[PDB]
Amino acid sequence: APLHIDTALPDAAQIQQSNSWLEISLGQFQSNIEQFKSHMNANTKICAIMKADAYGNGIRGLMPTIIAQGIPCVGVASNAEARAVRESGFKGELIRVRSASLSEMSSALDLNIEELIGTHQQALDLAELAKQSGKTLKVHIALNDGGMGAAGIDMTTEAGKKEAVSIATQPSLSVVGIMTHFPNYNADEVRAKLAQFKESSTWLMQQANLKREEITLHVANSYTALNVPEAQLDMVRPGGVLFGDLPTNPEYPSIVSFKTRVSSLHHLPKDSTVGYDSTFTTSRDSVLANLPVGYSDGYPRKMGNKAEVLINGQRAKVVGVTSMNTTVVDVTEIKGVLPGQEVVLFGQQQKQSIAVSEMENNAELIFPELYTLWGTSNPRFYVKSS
């Protein structure tokens, strides 16, 4: 992950001299948050998950919305993300959504993160940090009732239960939450695992003399919070849906568009090869648009000869493989095309739209694989309109 999340919010002139960029619809983000809120029980609170620099959309540009919406909790993964969240002035709960090394946790003490622990050694390490800093650190215990087998303590055996109790009774730590995480969007499976989580967390609280009314039980990602409402419990952890990436729930549109522009227009006669490996040959006298975007910007090699882009409200085929820095598009039949015109790689333009499924099929990746790396590799412009 980036060591530092740049403090700049790119302006129009800066975007104008960028090769490619992301356009983030702040209105759509606000709308998605408000829509999501409308479905939450009165007794659940929201922890907005902002890992991977807010799912590629950018923590620094989105935090003022999180604050204006009065969201009480934010989740992050890296220390750079924790810093960017606190630098926004956010003074609510900040949780880490993943296991973090001791070196990560120790360097972030000033940020008041509630770490996520699932092993005795993590508890021991944090207890020592607490001791050395003269404070009691707040933690969430991750349980494995969801069956992720990743961050949590599995309690299906005697040894696992014993380890769980050790975590939960560690001196110098305050257990403020107990959680799990679900691996699938199957509602029946989530309901069965939710029941098991309630059993496991109740048992653990009994064993460690924790008071239920002081513990935040939380299990729900975006899918679960909306589609298994009884799993909302004390707090929900929506990430993708806020950004409009919950594939089961298309009523939350994506907030991200990926754009470039036509650099140059080239006349190429019939029977001319295009691109590395000469994977395409013109079948007619052609006009090709040269776009200064390539796989190093996160537009994959596989897009060539498969994808279409939008130029002047019309679909144009990507021809030849995409190079490290350049993409070539056939604009032979597209009317009105000129250098400098905006090109949509993902998003809408006039009456045309590129679907998420289309992107996925062409890239042979899932959508977040695309957009998280778009976000590390391109500036974000926050559009505020409508």
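Residue numbers here begin at 1 and follow the sequence given.
The stretch 130-138 shows the higher mean C-alpha B-factor when 130-138 is compared against 213-221 in the entry. Of the two segments examined, 244-252 and 285-293, it is 285-293 that shows the higher average Cα temperature factor in the deposited entry. Each of 344, 33, 68, 334 has a CA temperature factor in the record; the biggest one is found at 334. Listed residues 178, 80, 94, 192 were ranked by CA B-factor as deposited; 192 comes out on top. In the deposited entry, the Cα temperature factor of residue 364 places it in the middle third of its chain's modelled residues.
In the PDB entry, a CA B factor belonging to the highest third of its chain's modelled residues is recorded for residue 106. Residue 258: CA B factor lies in the lowest third for its chain, per the PDB record.
Ranked within its chain, residue 28 lands in the lowest third, by CA B factor from the PDB record. In the PDB entry, a CA B factor belonging to the lowest third of its chain's modelled residues is recorded for residue 53.
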